[PDB]
Amino acid sequence: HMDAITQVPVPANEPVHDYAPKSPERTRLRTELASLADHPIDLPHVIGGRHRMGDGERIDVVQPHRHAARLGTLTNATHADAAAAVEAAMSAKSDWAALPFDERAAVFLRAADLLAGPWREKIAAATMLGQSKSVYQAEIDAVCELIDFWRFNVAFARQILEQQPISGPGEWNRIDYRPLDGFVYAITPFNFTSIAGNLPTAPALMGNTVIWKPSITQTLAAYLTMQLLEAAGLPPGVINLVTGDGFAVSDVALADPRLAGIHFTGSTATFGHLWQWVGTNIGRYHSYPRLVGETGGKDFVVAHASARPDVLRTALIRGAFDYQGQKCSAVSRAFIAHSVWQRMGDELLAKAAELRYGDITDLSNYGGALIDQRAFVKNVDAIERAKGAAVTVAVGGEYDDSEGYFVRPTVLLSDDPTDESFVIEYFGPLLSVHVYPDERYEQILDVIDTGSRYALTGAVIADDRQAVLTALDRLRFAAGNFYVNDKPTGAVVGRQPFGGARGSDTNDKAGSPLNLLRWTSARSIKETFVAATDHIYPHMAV
Amino acid sequence: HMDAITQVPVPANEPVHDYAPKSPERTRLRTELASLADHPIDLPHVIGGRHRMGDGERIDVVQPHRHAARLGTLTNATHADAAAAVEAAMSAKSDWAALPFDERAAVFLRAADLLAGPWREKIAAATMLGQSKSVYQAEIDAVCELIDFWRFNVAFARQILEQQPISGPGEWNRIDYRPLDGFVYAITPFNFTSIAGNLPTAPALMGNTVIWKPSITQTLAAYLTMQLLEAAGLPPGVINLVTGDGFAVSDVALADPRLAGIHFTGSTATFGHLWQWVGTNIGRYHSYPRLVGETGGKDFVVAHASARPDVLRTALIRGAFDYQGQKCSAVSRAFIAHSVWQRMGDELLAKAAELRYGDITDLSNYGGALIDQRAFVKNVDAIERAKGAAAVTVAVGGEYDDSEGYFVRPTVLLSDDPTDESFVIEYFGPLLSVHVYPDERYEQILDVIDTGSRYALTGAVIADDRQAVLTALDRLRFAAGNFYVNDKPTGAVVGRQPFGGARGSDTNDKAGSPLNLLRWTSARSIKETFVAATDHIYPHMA
Amino acid sequence: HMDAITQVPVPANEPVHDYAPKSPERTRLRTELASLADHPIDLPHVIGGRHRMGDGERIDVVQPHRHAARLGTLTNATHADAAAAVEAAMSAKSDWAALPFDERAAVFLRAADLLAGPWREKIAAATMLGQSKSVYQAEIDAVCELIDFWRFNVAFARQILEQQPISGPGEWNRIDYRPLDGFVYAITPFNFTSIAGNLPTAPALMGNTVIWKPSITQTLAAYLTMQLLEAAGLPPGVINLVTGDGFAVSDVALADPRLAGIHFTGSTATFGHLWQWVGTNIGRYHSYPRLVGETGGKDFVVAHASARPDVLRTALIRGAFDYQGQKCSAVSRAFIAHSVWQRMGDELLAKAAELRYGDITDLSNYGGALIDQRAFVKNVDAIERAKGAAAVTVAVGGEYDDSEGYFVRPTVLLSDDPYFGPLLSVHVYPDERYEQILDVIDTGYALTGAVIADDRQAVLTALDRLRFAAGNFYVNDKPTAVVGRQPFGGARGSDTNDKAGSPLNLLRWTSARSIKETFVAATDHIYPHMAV
Ligand code: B12
Ligand code: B12
């Protein structure tokens with residue numbers, strides 16, 4: 001037993017290492033990079049703690065920047081693999097939920113520290129190699145964001161458990177934050193190792209068990225993440241990894257009456273599909289399935305006449321070309337005041353032309369390649385469509401998939417304000433610029449407001465305080481998270497929570513205590529010390 | 001302007017008046033009861049501030065305990081009325097949302113004080129008359145719970161606004177809790193004037209506008225609630241009352257692309273139907289519609305051998321027979337240890353037979369009648385079902401008479417085997433089933449309760465023995481939402497028993513906590529960077 | 001537009017850079033020192049965002065440690081310039097006060113960060129060159145203290161807004177912290193770039209507009225401060241810089257009915273002048289003008305027999321000779337126990353003689369020159385007065401030479417019996433007369449005082465006996481103040497707890513109102529006591 005009201009360790013954001021030349025983290029990275037690239041492995045399912053290949057189709061995981069070089073080979077999950085995954089989760093449930101919160105929280109605090117230290121460059125390298133991230137992109141994702149999710153989630157949960165009601169006289173009221181009944185189905189995207197690791201672990205923390213199907217092109221980092229958690233003491237069957245395209249996993253998971261929730265990322269259409277499925281089939285499930293996730297998007301930047309040219313240029317290059325434009329959202333559209341374009345337009349184009357995409361084991365590259373052949377084709381189609389469209393290819397537009405899925409940084413010049421519908425059909429290094437007359441700032445904000453339904457983030461570049469405030473007012477609803485004098489980009493944990501595209505309902509996604517509450521079912525407990533012994537009410541008296 | 005970080009008044013639960021003989025509030029109540037009953041009124045739509053009867057069929061609102069006596073007449077809303085209400089809500093949106101939080105809050109704080117003072121016995125009487133509540137039931141509902149919702153939600157909202165993120169060095173992060181785009185559709189049940197009043201006002205507080213369709217039999221109190229809110233300063237069009245059965249209202253609201261959310265009560269099947277509809281048609285809406293509500297249920301009480309018999313008796317009588325069993329849930333099943341039944345069985349049956357249901361203007365009555373003809377018929381069916389059933393005996397009560405009011409007597413069913421839950425949910429009325437179990441089979445009975453209950457909102461254990469209490473807390477942890485120790489299991493007091501819900505439900509975002517107000521917001525982060533990067537190159541590239 | 005209750009960032013004191021050899025801030029500093037010295041500029045007024053030279057007489061701004069070298073040239077404000085600055089302030093007021101606190105706050109937060117990074121060495125260099133500060137004196141003033149002023153004032157302001165009343169039942173009470181009606185007049189001294197920058201920006205933060213009149217010798221750093229603020233996003237006309245001696249500026253500003261307050265730091269001589277001038281015109285002002293400021297003073301150090309000699313010796317050197325004794329207060333009198341003087345007197349004199357005053361672009365120098373010819377003269381007069389006095393011996397230093405800079409050597413005087421400059425008077429007293437020496441100090445004005453003693457009774461005796469003899473008291477350190485750490489003070493009898501360094505200052509730039517809403521007020525006027 002134990003008699004205490006304990007605290008969890010206070011979290012702070014994990015520092016970002018630079019990997020400068022001659023740094024010790026740089027040397028350790030090269031060691032891990034070589035270790036992973038020279039020794040490809042089976043990428044097995046992990047079900048009830050046991051690691052095995054299944055009988056499904058073998059699919060190679062390759063380096064996107066060098067797709068002749070294989071990192072590993074997984075087996076596409078069969079229905080039977082999926083069924084085993086679900087039985088393993090259900091079977092582990094009782095012992096996992098019976099652990100005190102602190103013991104469950106220690107698993108992820110230990111995992112965070114393992115990732116911060118001895119596992120650091122290995123998870124980063126795995127992410128670099130499988131997902132074609134530069135070391136910086138891997139460091140902010142696979143290391144810092146995942147570590148932050150774990151430590152801040154533990155703190156979030158402890159804060160939740162402490163939210164308690166008022167006790168009136170003669171009584172005692174308490175709230176018990178129960179885990180869910182049944183298993184959680186986590187489906188994770190290629191874009192981030194952090195999301196990949198967090199969607200399955202966040203409900204686990206609250207006492208739930210999980211089947212996890214990661215994206216194929218992220219599976220090397222996913223599998224190592226699974227190993228890391230095991231090394232941290234995660235009991236077998238608490239999270240169950242099944243690899244592949246997810247088709248057979250979804251057949252099984254959505255047919256199981258014990259399905260408690262789905263933690264995922266996807267489009268509005270995907271949400272709608274799952275909504276329609278769960279609603280149509282609600283009578284099949286023991287619990288009402290909880291559908292929790294986020295969408296992707298494409299972002300905008302608007303520069304006022306008072307914009308600092310160099311800050312804008314840099315915000316644009318990073319916002320559009322960090323990770324080859326393959327974050328959950330990237331900057332696709334820039335709205336630049338004429339006088340500002342006169343001052344930094346040529347520089348933007350020149351820097352874009354010089355920007356290096358290549359093998360990310362060459363640390364001098366800015367970035368790598370697109371994630372797979374499918375993503376490559378969509379970028380080529382968008383580029384060709386731009387060439388023929390009455391818009392100019394000011395720089396870039398070159399592509400070559402002979403060795404890696406490489407697409408050059410591309411700037412399009414649109415005479416008229418760029419139509420949003422066109423930029424959402426691909427994810428890649430494609431920036432559209434519209435130059436507008438300085439004096440039409442308010443008109444352009446209205447065009448941005450009127451024509452943006454798919455932005456996660458937006459930014460205004462301006463030193464003028466009125467212009468900043470006007471943008472904050474006028475574009476209040478045109479994007480979720482909004483930025484002043486910086487690139488609009490991914491959130492740091494605990495610093496830019498919430499957001500979402502216009503009209504969305506995703507404030508319960510990862511990044512705040514609201515996400516963890518979805519994986520709980522609160523009940524109130526009331527005890528009355530001296531309750532009534534006569535049912536008569538005062539008003540009934542003669 | 002204004003330069004301040006303001007606090008809202010600190011909320012405390014509103015005191016409950018007793019209306020004992022010779023009390024001033026009892027005299028005021030009698031004045032109000034006569035005024036409403038002797039002067040039936042039109043019950044019009046309130047659209048954009050204009051009170052109008054429409055062209056739909058006229059429907060009488062009556063006293064359920066004396067259905068020959070009209071209280072008013074409403075008109076069934078047409079599609080045109082519903083369209084006008086939506087347009088009024090969208091017209092009022094801009095000025096309302098632009099009001100500072102404090103001024104929007106003031107409206108509902110003022111309404112709280114109006115209901116606590118000058119409007120108190122009028123709203124109570126309206127609820128008494130229309131919903132057939134005793135004054136005690138009116139008081140805890142129409143007065144105290146509605147007041148507590150307003151004052152506590154204002155405090156909840158202010159607490160939400162204060163939830164802010166970390167600022168790293170060189171930056172400033174802030175969170176903006178935006179209203180939704182579009183209107184909220186509020187659909188409210190007959191059972192509580194408080195719920196009827198809270199579901200449309202809670203979103204309004206956060207800067208939204210609303211169409212409100214109340215239940216026909218609650219429409220006298222709902223219309224007066226609407227008048228109260230106007231007297232407190234609610235601007236026109238912010239809440240728009242449309243009367244009737246809701247069919248045409250739902251046609252229009254669910255077809256309008258500006259539908260932002262629905263705030264309602266209903267069954268799992270209703271939730272499923274709305275999920276199915278919104279998912280199938282997601283492409284029609286500007287925003288992802290938010291479906292926020294709660295369900296009803298039927299509750300249980302288990303008495304251990306160490307239960308205090310007078311306490312158990314009182315909790316069963318009040319739990320099953322308060323408001324004729326017509327709360328959101330009520331006690332339908334009691335599981336009582338043999339030796340405790342020997343001590344209080346005869347007294348339970350005798351008290352139940354003596355319990356007076358009648359005209360609630362006669363304050364000496366315990367309670368009134370069922371809410372309408374349809375509910376009466378369902379009770380009759382349940383009683384005849386029991387009479388013909390081999391398993392069960394009518395031990396007391398079972399009489400019914402709809403000739404003057406919709407009256408059904410307090411009824412106790414004795415069941416040889418544990419009562420099958422599926423029977424007790426087909427009605428809402430004063431029907432208590434009792435199962436007597438051998439003292440020594442306490443844990444077995446707990447397993448039976450657990451295995452056979454899917455629809456309990458609340459549950460209670462009566463027991464002085466601490467092991468027995470703790471065993472119930474553990475073993476029935478998931479068999480009900482809110483759980484009670486040595487008291488009747490019933491409706492929560494605001495801020496004292498939040499959350500709950502039936503097994504597997506997902507309704508922790510319902511009214512009663514800050515989580516509900518967050519659903520009527522769309523939070524965004526704002527990040528200003530003071531000295532952003534001016535070169536895009538990264539340290540690892542050197 | 002926002003629905004939120006926001007927090008401002010948490011302020012921490014800015015780290016002081018050491019500028020040691022081979023350090024990168026040293027290289028960056030040398031670049032800025034050359035760039036400012038080799039390319040003197042016009043120093044214009046800044047009125048409604050417009051940078052304009054005026055028609056008043058041209059006045060050069062030079063390096064005090066090399067007064068032949070011009071740093072820039074300003075024009076002395078004319079009545080017309082002053083009137084233009086006032087109109088620009090009043091015209092800018094409406095859009096500035098209408099900005100939300102957070103947006104006004106961002107300007108100074110952004111300025112703070114700009115000063116910490118890209119502007120750091122330039123502003124420090126301008127302060128070194130114009131005011132003759134060593135790089136250390138520049139860094140703790142022009143950089144760290146100004147940065148701290150901005151970040152902590154933002155935190156202080158936000159904590160003021162949060163100070164709210166209690167609501168009884170049936171009501172809602174709130175407090176609105178309004179800005180002032182009218183413009184605030186900031187007049188700032190040569191001593192500190194940080195003070196020069198804080199006096200106009202602090203009222204600005206609370207939503208006021210300002211005319212700012214800096215000291216001629218500080219005007220290079222002040223103008224760059226103005227540019228930095230503009231680069232941070234300060235809207236035009238919110239602060240208006242008028243250069244010169246300020247005679248014309250005061251003529252206009254103190255006659256204008258819209259004068260809301262004066263924010264000043266410098267001599268009590270020139271504050272008497274300006275205190276008085278309001279005293280007469282009082283019926284003319286729309287608002288009761290708020291006079292807020294601080295004056296100078298000179299400090300004592302008393303060393304008990306238990307004083308550590310190395311500590312005392314170091315406290316005296318730095319306290320007396322940091323910035324050539326020209327801080328808002330300097331150590332000018334020391335009272336040293338005989339046994340202690342035997343142990344460190346010779347070393348004090350020796351060190352004082354070796355202390356290098358010179359061109360502060362020579363980073364090996366301890367300090368530079370006095371601020372101007374007027375200051376040079378008053379020290380010479382003081383030195384020559386000491387020579388000619390009986391009870392006074394010039395034990396070391398006393399030399400001076402204004403031929404190239406305004407240089408006065410570190411000087412220690414010895415008096416048998418008990419102006420800004422590097423002059424220290426030492427009185428040696430017998431150990432066993434500690435309490436009598438305390439009485440003497442008490443009876444003999446002083447801003448800060450310090451006791452050097454390891455003995456706790458001795459320490460506590462001084463804290464008790466000199467409680468009212470100084471406004472800031474120090475134990476085992478030089479009395480030479482840091483934002484948020486040693487606030488308040490003032491000379492004996494002064495009323496200046498509302499000066500810079502605490503929330504009380506920002507409150508002087510606000511007029512608070514209460515707002516009360518009653519939800520269900522009385523509908524009858526008769527009282528219960530009136531019934532029959
Ligand atoms: C809805 C859906 C789609 C949608 C997806 C988005 C939407 N809602 O508008 C659209 C409508 C895009 C779609 C397209 C197709 N899909 Co489909 N899709 C489904 C379904 C029913 C649900 C998937 C889902 O939402 N999962 C939940 C989310 C959270 O998980 P997810 O891993 O992120 O799911 C993504 C992928 O599954 C992907 N996807 C969907 N279908 C297909 C098909 C292929 C070949 C690939 C590579 C990817 C892919 O889209 C989802 C959203 O990103 C499944 C059934 C199933 N068993 O999976 C099929 C299913 C996967 N798709 C199938 C087929 C046949 C098709 C189509 C060829 C025909 C068609 N038009 O429906 C095309 C191929 C498109 C392509 N990408 O190459 C088959 C796959 C058969 C197989 N290869 O083994 C499935 C299994 C249904 C079936 N049994 O017939 N369909
Ligand atoms: C889903 C639904 C039902 C369900 C409800 C529960 C469920 N999901 O399993 C069941 C399946 C119970 C149902 C039954 C019937 N309903 Co129906 N119902 C609907 C529907 C499509 C949506 C209602 C809803 O969920 N509203 C949202 C909730 C949150 O709001 P609510 O006010 O609380 O809704 C409640 C009432 O509408 C009530 N209800 C539903 N139908 C009917 C019909 C009548 C006559 C009454 C009095 C009440 C009622 O059930 C809801 C939940 O309690 C509507 C269409 C519409 N425009 O409203 C019809 C609709 C109201 N019902 C209709 C009809 C014809 C019927 C039935 C007579 C025949 C049938 N089986 O379809 C029966 C009558 C039942 C009765 N109580 O008398 C017609 C009404 C025509 C008219 N008189 O003007 C509608 C307009 C359209 C339709 N048939 O599709 N239906």
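Naming: A, B, ... by sequence-line order, numbering from 1 per chain. Both backbone and side-chain heavy atoms feed into the values below; hydrogens, waters and symmetry mates do not.
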Item to check | Stepwise side chain to side chain contact (heavy atoms under 4.5 Å, CB included) check, A:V484 with B:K527 | outcome: CA-CA 6 Å; A:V484 181; B:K527 164 179 171 162; over 6 Å; no

Next on the checklist: Using the side-chain contact (heavy atoms from CB on, under 4.5 Å) criterion, which residues pair with A:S452? Sequence neighbours excluded.
Outcome noted: A:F300, A:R333, A:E420, A:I448

Item to check | A:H45 side-chain N/O to A:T243 backbone N/O, donor-acceptor pair under 3.5 Å | outcome: yes

Item to check | Gap between atom NE2 of A:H67 and atom OG of A:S402 - 0.5 Å precision | outcome: 6.5 Å

Next on the checklist: I'd like to know if A:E32 pairs up with A:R120 as an ion pair, taking the criterion as any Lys NZ or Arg NE/NH1/NH2 lying under 4.0 Å from an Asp or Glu carboxylate oxygen.
Outcome noted: no

Checklist outcome for this item: Interatomic distance, CG@A:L456 vs SG@A:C328, rounded to 0.5 Å, equals 7.5 Å

Checklist entry - Are any of the side-chain heavy atoms of A:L241 and A:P214 separated by less than 4.5 Å? => result yes

Item to check | NZ/NE/NH1/NH2 to OD/OE distance under 4.0 Å, A:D346 and A:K351 | outcome: no

Checklist entry - Does the separation of the ring centres of A:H65 and A:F406 fall below 6.0 angstrom? => result no

Item to check | Carboxylate-amine/guanidinium proximity below 4.0 Å for A:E425 and A:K298 | outcome: no

Checklist entry - Any ion pair linking A:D381 and A:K378 (charged N to carboxylate O, less than 4.0 Å)? => result no

Item to check | Donor-acceptor pair, side chain of A:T225 and main chain of A:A221, under 3.5 angstrom | outcome: yes

Next on the checklist: Treating A:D148 as the side-chain partner and A:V492 as the backbone partner, does any N or O pair qualify as donor plus acceptor under 3.5 Å?
Outcome noted: no

Checklist entry - For the residue pair A:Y19 and A:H17, does the interplanar ring angle fall in the parallel (under 30°), tilted (30 to 60°) or perpendicular (over 60°) class? => result tilted

Checklist entry - About how many Å separate NZ of A:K122 and CG of A:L115, when rounded to the nearest 0.5 Å? => result 11.5 Å

Checklist entry - Less than 4.0 Å between a side-chain N and a carboxylate O, is that true for A:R28 and A:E25? => result no

Checklist entry - Hey, do the aromatic rings of A:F192 and A:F149 have their centres closer than 6.0 Å? => result no

Checklist entry - Is the side chain of A:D141 donor-acceptor paired with the backbone N or O of A:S194 at a distance under 3.5 Å, no angle test? => result yes

Checklist entry - Is any NZ, NE, NH1 or NH2 atom of the basic residue among A:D449 and A:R502 found under 4.0 Å from an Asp or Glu carboxylate oxygen of the other? => result yes

Item to check | Donor-acceptor pair, side chain of A:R70 and main chain of A:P40, under 3.5 angstrom | outcome: no

Item to check | Spatial distance of atom CD (A:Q324) from atom OG (A:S134) [nearest 0.5 Å] | outcome: 7.5 Å

Item to check | OG1-CG distance between A:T75 and A:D81, expressed to the nearest 0.5 angstrom | outcome: 6.0 Å

